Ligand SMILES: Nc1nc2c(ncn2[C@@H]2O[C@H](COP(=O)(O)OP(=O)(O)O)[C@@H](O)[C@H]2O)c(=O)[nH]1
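Shown next as structure tokens: one chain only, the form deposited without the named molecule.
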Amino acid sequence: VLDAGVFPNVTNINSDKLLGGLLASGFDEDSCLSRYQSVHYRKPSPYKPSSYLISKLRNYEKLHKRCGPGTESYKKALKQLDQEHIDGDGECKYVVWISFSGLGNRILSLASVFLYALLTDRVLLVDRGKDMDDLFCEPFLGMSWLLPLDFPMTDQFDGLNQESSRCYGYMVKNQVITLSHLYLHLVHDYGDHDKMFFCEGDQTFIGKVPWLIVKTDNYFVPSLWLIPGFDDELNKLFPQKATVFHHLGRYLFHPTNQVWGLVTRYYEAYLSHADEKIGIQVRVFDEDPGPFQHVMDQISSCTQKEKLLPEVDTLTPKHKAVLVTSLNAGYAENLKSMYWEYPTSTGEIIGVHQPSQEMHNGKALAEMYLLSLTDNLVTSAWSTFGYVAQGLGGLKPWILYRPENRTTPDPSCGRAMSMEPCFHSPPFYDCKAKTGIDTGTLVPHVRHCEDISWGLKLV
């Protein structure tokens, strides 16, 4: 009575439950509820992953299977770490990400190192730090992405930096230069020699080294597109160039059951009956504690001038829910008051909701996910919290420009160029001519960010 055959729960591998083929089927459902449920809470993305990307991800998983932690190839590769140089090609190459910086930085920078692994046929290993395995499920079918806790160099991670004799930028400075491993300082404070990571010739050298250790707090994807060789491959992986983090972030990052219960209970209690949901991600960079009136004006001005929220009259509708995230409750409270106190000019019903005000990282992650479930999103300038949320949702946000001198900016916001995050500390260096250059004005699809003019983003 063998009837998988005639009635297989056969799955379209490009179903919306698998995000159009981005995700593999076959994971254990129970141990990561969020993985295949993103569909019950979100709308399907209009941005479809390319067949080339899908095959690249299926084949990465093959590589991760063969070379992943605890495999015999992994244990054999570890032995190269014992000597300073190697006697021939191992079968497996690695890039290890050190858990460093805030949660927004870690999501974006881990997405960047993963793209890099894809571009260099390396296996990604993840330093779990204090919490990575409490926040996120396993993303690679059949294997773990976590660095083993007995990895020999883990106790060096914290102290690795620019003057470490293994730092690639250190070696370049002191004109010293196959190595068994190499540390890449890619933290935002890195310098000219560290930035040589983004040169074609240096990547040829680095490509030979079996183990790379990366410390980074930046979304450095953009500058990868200005590297000969990588450019052709990226062009094929992402026909729509500003979908990099939308695809890789959705592929890599799935909240654990503990975090996902925060998302689903909040959505089901507070958000699920609205016809439309507006996200307002508020971040105020300022030592003083808010809330600030000029920021409240900025928010009112932005959402009303863009027709996101109705004006009120101080003198069968649709129901719109507003999800506000912020350290200070004051902005949400002010919106909540206004729409309680006065009728809307349009007749629309407006509800205002904020999850939390100042399990901390699990709530932060839940709130990024909740924002990613909204229909239209307003973000804060310079906020990686917003970049994560906009990217997971495929949302081209409206950006609340950074105020100067506590004056409401005019315009208070404007539409982003694309949904992509911003790379805050890009190199400005022409590798071929060996000279300074404006990397925001080389190619049409790499521009300076709307919100931090030094930075670069994909458009």
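For every residue, the number given is its place in the sequence shown, counted from 1.
There is another form of this protein, the form solved in complex with the named molecule, and it is not shown here; the text below is about that form.
Trainee: Looking in the deposited complex, is the named molecule within 4.5 Å of a heavy atom from each of 168, 200 and 223?
Mentor: Not a single residue of the candidate spot has a heavy atom within 4.5 Å of the named molecule in the deposited complex.
Trainee: Hey, in the deposited complex, does residue 102 get a heavy atom within 4.5 angstroms of the named molecule?
Mentor: Close contact exists here: in the deposited complex, residue 102 approaches the named molecule to within 4.5 Å, heavy atoms only.
Trainee: So in the deposited complex, is the named molecule close enough to residue 269 to count as touching (4.5 Å, heavy atoms)?
Mentor: Residue 269: no, not in contact with the named molecule in the deposited complex.
Trainee: Using heavy atoms and a 4.5 Å limit, would one call residue 385 a contact residue for the named molecule in the deposited complex?
Mentor: It does: once the named molecule is placed as it appears in the deposited complex, residue 385 has a heavy atom within 4.5 Å of it.
Trainee: My question is simply whether residue 358 lines the interface with the named molecule in the deposited complex - judged by any non-hydrogen atom within 4.5 Å.
Mentor: Residue 358: yes, in contact with the named molecule in the deposited complex.
Trainee: With the named molecule left out of view, choose which of 241, 193, 283, 353 has a non-hydrogen atom within 4.5 angstroms of it in the deposited complex.
Mentor: The option sitting close enough to the partner is 283.
Trainee: Of these, 372, 325, 112, 303, which has a heavy atom no more than 4.5 Å from the named molecule in the deposited complex?
Mentor: Going through each option in turn, the one that passes is 325.
Trainee: Look at the stretches 295-303, 359-367, 67-75, 330-338 and give the one with heavy atoms within 4.5 Å of the named molecule in the deposited complex.
Mentor: Stretch with heavy atoms near the partner: 359-367.
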